[PDB]
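So the sequence lines, in the order shown, correspond to chains P and U.
Here the entry's author numbering is used: the first residue of the first sequence is 21, the next is one more, and so on.
Here the entry's author numbering is used: the first residue of the second sequence is 17, the next is one more, and so on.
Virtual Cβ for every residue (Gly too), placed ideally from N, Cα, C.
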Amino acid sequence: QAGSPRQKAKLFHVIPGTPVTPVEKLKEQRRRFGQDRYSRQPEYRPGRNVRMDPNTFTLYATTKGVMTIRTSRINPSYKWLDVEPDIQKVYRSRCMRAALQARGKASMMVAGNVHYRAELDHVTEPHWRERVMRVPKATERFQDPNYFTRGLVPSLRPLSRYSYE
Amino acid sequence: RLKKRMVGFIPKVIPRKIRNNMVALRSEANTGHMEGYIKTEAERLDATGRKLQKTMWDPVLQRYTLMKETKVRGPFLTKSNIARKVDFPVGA
RNA sequence: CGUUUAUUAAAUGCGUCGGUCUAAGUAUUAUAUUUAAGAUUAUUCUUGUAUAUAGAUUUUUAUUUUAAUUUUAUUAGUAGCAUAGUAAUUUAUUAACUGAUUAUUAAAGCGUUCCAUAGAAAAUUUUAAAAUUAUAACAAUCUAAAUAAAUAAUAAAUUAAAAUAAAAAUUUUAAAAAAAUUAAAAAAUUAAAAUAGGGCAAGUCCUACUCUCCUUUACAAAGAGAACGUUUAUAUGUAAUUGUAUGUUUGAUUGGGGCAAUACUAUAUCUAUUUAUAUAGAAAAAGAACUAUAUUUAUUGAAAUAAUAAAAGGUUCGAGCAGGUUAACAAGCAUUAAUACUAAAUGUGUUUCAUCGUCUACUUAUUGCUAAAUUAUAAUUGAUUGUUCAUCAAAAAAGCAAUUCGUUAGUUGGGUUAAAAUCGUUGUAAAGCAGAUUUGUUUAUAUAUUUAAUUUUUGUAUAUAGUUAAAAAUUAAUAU
RNA sequence: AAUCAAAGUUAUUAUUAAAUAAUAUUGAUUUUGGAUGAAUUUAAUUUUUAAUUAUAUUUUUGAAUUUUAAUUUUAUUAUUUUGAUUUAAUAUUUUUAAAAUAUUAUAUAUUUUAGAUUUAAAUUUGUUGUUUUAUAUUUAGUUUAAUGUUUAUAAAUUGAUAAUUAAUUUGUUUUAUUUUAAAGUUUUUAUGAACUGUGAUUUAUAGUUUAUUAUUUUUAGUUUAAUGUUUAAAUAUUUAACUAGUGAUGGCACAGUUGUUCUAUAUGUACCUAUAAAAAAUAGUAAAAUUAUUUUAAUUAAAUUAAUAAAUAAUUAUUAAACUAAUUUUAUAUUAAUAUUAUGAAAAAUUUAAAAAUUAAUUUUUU
């Protein structure tokens, strides 16, 4: 019927968890133009100190620092790329966290544990399902504009309605 | 070579090529600048009988000046872009 | 009625006819062609070349050239006539893929048609010496030995046989497991062959035309008080001999994405300002346009030319594909001097119901396989044909219809070399020997498959069996 | 039946070849004309028998390139009088021509039998010894400089002017080479009309049927067939056919982008692709080859692109490198610089596809 081109490799250009300069493409994402239509949703949305390039959806860090992926607590399909700027802040803990757990003195319930995050949130915020599932009535989503002039509410944000946690 | 007109993906339409879709917004300040601009569908169709106009940074002057549209092919500072002399409201 | 390199509806040739030519040859003539004589006739209609033309192109059809796709009237028509076919009928033959006749919508014959037609090639009838089947049937000439001493080919052999499996292949090896010398005949294998037959790759060749391009001698302009030769300009002619005419999957596709295990052959689907780099031109500040198989190097498209040269690699196969009662089957791609189907001759291992089993000959066409005639009618597989033919299939020799702008292409018919001293194996014989078949090896050698008359036709039932015998198909078979 | 492994010396004879060398040169191998000449004529403003010390320029963007070197100055066309010198090469003919081991029913040379078997090279694009070459003996048989010692010094930059606090080597100037064999071709001019075309050329040496001078046809050289098949023949033997030429095997005449053609792309001297001659055309883009044993660091890869493979990654290679936490006191081929005519991966595990294998796959891949 026709031909086809080869699908390019859209994968990580750093190692997640390790330090990162800004001139490194953190991930070269598929601007999933389904077939060069103009609407896509990238796999790894941008995170802390990470800024997305508009054209090719490639995440470039903005400040040199250790990098990481934060899988969304709600849906583990939607991930952010966090770059936390301090490289010593994590290195000087890893060298402990990996020196403690060698002597068998580190606890495995750490937040950073991959398989614990499901339970970690639930120890602290026990009804977080209901805090994101709750549907807001159009009254409270647009709090009385007079409360903005009377100054009660610091600033009305009517479009920020979605709980991205 | 022959094969002067290609046939793979003859694109339906094509924005750049349409009677006046790409227009050189040359500057009304006759500094010879131009900024090629494709008229969007807001003006692709003849919504504008008037010749397009815009305000754009005139990089020569370093000032925002008018940009009157004009065909992209042609000398941009002809003996027609000379402004008639005038004595300003300054001076003695 | 002559004449030819694959030898003829090849090309000649007389006449008619078309065109040209009255300052080099006689305009009932000679140039330049198309046809073909003889006899009947020679139809309908035009889009382009040519002519004429008026600055040229563009226009433009007295005659001519080429054309007519439903020209198709005359005329013959299954015919060298694109398939459909062995055309349907009739004959003819025991049997009619023959051939001839009738008519007649012939895939798209057709007026240069058709008839007439002689020694040719067919089809009958018929007769007949070639040794035509049946059929086998040496009279003749063609020794050994003695002598002279060449050729193809040659990696080697002590194994070559033989059987079985194989794994890429036809099998040849490997392996297993088996067991016979020198001489001459045969051709099954080694390469018994040469050399044809393919198709692919890069290279070159040669021919052809509306689209590419010079050297080009023609046409037109101008310049010379134009006395004629030259030079220009504009033109570009297949008369022109240059180069292109692809690549990938098989005939479509050439882009950048995406979904299909962050595999992707093109796999399967879809999308879309996803953009066409450079160089000359175009835009002169910082801003910009055009176009190319969209990585983008070249300046048209076609042919078989008997195409070729240097290579490998298949049509006929250890595996594939599409059109036979729907479905089992002819058989366009993965090997490889195996170098066409059929016939002749000559074998073979299988396998197939109750003894037990496998010899039919013919007609048409040589295609292959059926139809069908002989009362009754050839089991199915497999390996087979360099020994033999060539009928088919077949390489510009043509021709018909058919496709092509042409060169040409594909059906159909007539044509068209088909071949070397046998070394190894192999096998048939032999080795001059013998007062004698034979212990065991191992066996070309085996009584019937073109049907009669007996006799029991009774048993059984609407007709009637069964051992046998005679005759017929007429021939005998032992290495120490 | 049968084997059995093995003879290295002729004998005898003497002034060429090749390059080189910068002095001559009207055409080497009998005696022109031999009437008296007319007959023995090769000359013209072009890389020519004339042969030229640079890397910058400039240039259809891509095969195009540097100007006196000392004005007659020596780079200049060359031998007898050292067998003319030198260095390389070396023969060629005459007639020589040789020798005494392994069974006794059968795989392959070792003495003591048994064990033992790709013949090699290529080709294997692992369709993995894939059907190619080799009779043997000897001779001949293929060109990328493995090295830097004292006079002596280099090193960048803009588009352009210019700018050069911009930081730094090396070199008494290193150049030259580039495989081997092999086409069809292709162009440049010389030869050929004794074969064969066509032009032209012969005006009556046998038979015969019919009234006929036309016409049947004796017809031993020729449309067929057998034999022959490196044959007696690079076309002959036997034979069928045909045969009536006042219009033709034949005086000489036409020649190669062309003659001739009763036209077959046929022939023009035994393949018309004419011969002959002169080239280095191309052939790495699956042709054939590419010469020296005993060695001393490993591996594969599979992506961007292709009017479909000389180019790129990745691999491999040559040369060279520096020791960044991770652990044992373990274990680690990571790189740079250059050289590089390559598109397809056994058995698995699965995945597309009528596949009837191809395709993806990814670990193998023997000195």
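The beta strand (DSSP E) runs of length 3 or more contained entirely in the segment 30 to 102 of chain U are, from start to end of the chain, 38 to 43, 50 to 54, 69 to 74, 79 to 84. Residue burial is scored here from C-beta neighbours: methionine 83 of chain U has at least 16 other C-beta atoms within 10 angstroms and is therefore classed as buried. In the structure shown, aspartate 141 of chain P adopts helical secondary structure according to DSSP, grouped into three states. The beta carbons of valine 110 of chain P and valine 40 of chain P sit no closer together than 8 Å. Shown here, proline 165 of chain P sits in a helix according to DSSP, grouped into three states. Its chain contains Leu93, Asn97, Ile98, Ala99 as the residues whose beta carbon lies nearer than 8 Å to that of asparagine 46 of chain U, once the 5 sequence neighbours on both sides are disregarded; these appear in chain order. By a beta-carbon distance limit of 8 Å, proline 105 of chain P contacts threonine 83 of chain P. Their separation comes to about 5 Å. Contact between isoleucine 34 of chain U and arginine 60 of chain U holds: their C-beta atoms lie close to 7 Å from each other, under 8 Å. In the assembly as shown, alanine 138 of chain P is an exposed residue. Its beta-carbon has fewer than 16 other beta-carbons within 10 Å. In this chain, the beta strand (DSSP E) harbouring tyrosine 64 of chain P covers 64 to 66. For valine 110 of chain P, the enclosing alpha helix (DSSP H) has its first and last residue at 107 to 120. Contact annotation: the segment 138 to 155 of chain P does not touch the segment 166 to 174 of chain P, with fewer than three C-beta pairs closer than 8 Å.
A direct Cα-Cα distance of roughly 14 Å separates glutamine 121 of chain P from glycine 132 of chain P. Of all C-beta pairs linking the segment 66 to 75 of chain U to the segment 35 to 54 of chain U, three or more are shorter than 8 Å, placing the two stretches in contact. A direct Cα-to-Cα measurement between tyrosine 184 of chain P and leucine 18 of chain U gives close to 59 Å.
With contacts defined as CB atoms closer than 8 Å, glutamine 163 of chain P and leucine 179 of chain P fail to qualify as a contacting pair.
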